[PDB]
Each structure stands twice: as C-alpha cells, then as structure tokens.
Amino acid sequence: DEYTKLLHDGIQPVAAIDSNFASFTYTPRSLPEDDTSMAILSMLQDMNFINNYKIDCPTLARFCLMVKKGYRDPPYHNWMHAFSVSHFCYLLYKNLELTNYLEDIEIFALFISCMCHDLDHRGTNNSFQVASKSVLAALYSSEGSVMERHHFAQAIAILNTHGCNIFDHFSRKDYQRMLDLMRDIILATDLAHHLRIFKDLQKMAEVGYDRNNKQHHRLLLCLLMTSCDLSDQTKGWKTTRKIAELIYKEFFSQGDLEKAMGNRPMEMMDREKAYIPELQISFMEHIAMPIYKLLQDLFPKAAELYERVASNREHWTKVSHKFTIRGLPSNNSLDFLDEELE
C-alpha cells in the first residue's frame, strides 16, 4: 500500500538516498518510481520547509500521493517528469544557495509548483495557435491557449480535497500568497509566456539581479521554473537521447491521429517531416541554451549547466552530420547512437 508504505517510510535524510543526490551530475530518473514520493518528502525536509511552515506530515503524504496520481501515462508528460523537475528545483536550492536571493515562501512555492505543473497532461499539445506548421513558428510564438491554467486548477482541486490541504493552517494572507505564487509559476511553464518575458529577463541579467527588487523576484522565479522544466538537457548524452525518444513518441501519437483524421499536424509531430536531431538542435539553440545562459549570467555556479546543454547540442550536431533520422523506428529507440558517439 503506497500510503501505509509512505507513512512507514517516515522522512529519510537525503544521505539515505544517495551521496550524490544534491549533485548536478545526479540523474533523478534513475530512482525507482516507487521511491519517488519518499524522495519528495526527503527534499522538503532537507530544505527545512516541513518544520519552518509546520506542515502536517500525514497531510503532506496524502498530498504527494494525490499529485503523483494526478499524472497520466503519456511517454513524456508523466509523474517521472514532474519528479525530475522537482528534483532540479532542489538542486538549484542546494547548489545556487537560493535562500540568499529569494524568500523562503517563494522557493517553497517553486518546489510545489514543479510537482504540480503538468497535472493531468494527456500527451497532447494544441496550444501553439500558429497558422504555419513550421517548427520555427512554434519556437517563436508568444501567444497560445494556455493549457497551464488546467494544470493549476488540478493543483487547487487536490488542495481542496478533504485531508490534502498542506497549507490550510496558514494565515489567510500567506495562503493567498502561496496560491498566487503557484498560479504565476505554473503559468510560467508556457513557452509562449517565456517568450513574452524574455526581453525582461535579458534586461534583468544586464543590469544585475537585485534581491530587493520585487519584479526581479517574479522574473527569477519564471526563469528558474523553465530551467527546472528543461533540466533533462543538463545531464549526459543518455538522458537527452532517451528524453528525445519520449518527447517524439508522444508528439507522433498526436500527429499520427491528426493525419489519419485528415488534418495537418505541426511539422515536429509529423513523423514524415520530423528530423529529430535537427529539431533537438533547433530547440536547444532557440530555447534551452539561452535559458541556461541567462541562469549562468545571474549565477556563476550555474555555468556547468549551460556547458552540459551546449555539449549535448554538439552531440546532436554530430548525430545530424552522420545520420538522417526522419521520424522514429518501429521500436521508438535511438539507443544505437550511444555507441556511435562512444
């Protein structure tokens, strides 16, 4: 039983999970899925949020289980994505020393937002609102349908479930503050939102981060959230390769249906038009690398993250020069590439 087992698991120290658990080299997708709820509790305890906010541990256990259950099983947008995004939030706390830059409550909200940010994703994305089917239209678009309102609504539905409100003992002001933070942070996972605020993020990085500037706190939270969402690109080759398989398996299931029903899919969802290495390069150069470059500009200790993403972009570039990979094979695996690179 998940609940009894999670109650019996108490709250472990992070040293009981792995000595590298707080390292940027750690791959949280290596952790067995049955141990991830325990790891969530361990991270919250290690960041001192359980004690400092007087969180009821049974209520938190139930909350964690409800959030996990609120994910479906498409290839990419599942609980293991939310878990690995949440783990990266913890890595930023530990390695960038976020308490020196943000309030305790903003960091707590960021972590809970990471857990909840893709709730009830069904492996479909019809959000781009572009007339072209080109990947470039998608990579530049700053408007869309905002699916992220639903993810937030699912989070609030969990909090409004009897026995699951981890914040119900908060003051009315702190309760509203937490929910407003969750809304803003979850809405920030929309790439259209990121593209709307990009110029303001650049301006912040140019002038320098001001810990006394409240607009800078807002912008930084958005940047950190997107950096958590894309953190699979900051690990090694095997992670970026595996995640590309998942992203495109998910995309192609949508696109295959759209094509079958006589509709034009986005080109990145059309297995006949989607050159995966080239698409990965484009996403990394347009979206991911600039995010981690901004992060490095604000936090010199984040330099290794940018350099990992850049290294992974160069791996995909080598792949693109040696292979023409249009769509995915019938088994959805490009794992032969691991031996090709070394």
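When you see a residue number, it is the position in the sequence shown, counting from 1. Throughout, rigid core stands for the largest set of C-alpha atoms superposing within 1.5 Å between the two forms.
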{"item": "Farther-lying stretch by C-alpha RMS in 9 other deposited structures of this protein, rigid core as reference, of 269-277 and 64-72", "value": "269-277"}
{"item": "119-127 against 91-99 - segment lying farther from this form in 9 other deposited structures of this protein (CA RMS, rigid core fit)", "value": "119-127"}
{"item": "126-134 versus 229-237 - which carries the larger mean C-alpha B factor in the record", "value": "126-134"}
{"item": "Mean temperature factor over C-alpha atoms, higher-scoring stretch between 159-167 and 247-255", "value": "159-167"}
{"item": "Peak C-alpha temperature factor (PDB record), options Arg271, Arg172, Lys242, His194", "value": "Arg172"}
{"item": "Top Cα B factor in the deposited entry, candidates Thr189, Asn78, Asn213, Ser86", "value": "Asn213"}
{"item": "Position of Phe111 among the chain's modelled residues by C-alpha B-factor, lowest, middle or highest third", "value": "lowest"}
{"item": "Record-listed C-alpha B factor of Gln12: chain third", "value": "highest"}
{"item": "Ranked against its chain, the third holding the CA B-factor of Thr324", "value": "lowest"}
{"item": "Chain-relative CA temperature factor third for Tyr292", "value": "lowest"}
{"item": "CA B-factor ranking of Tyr140, expressed as a third of its chain", "value": "lowest"}
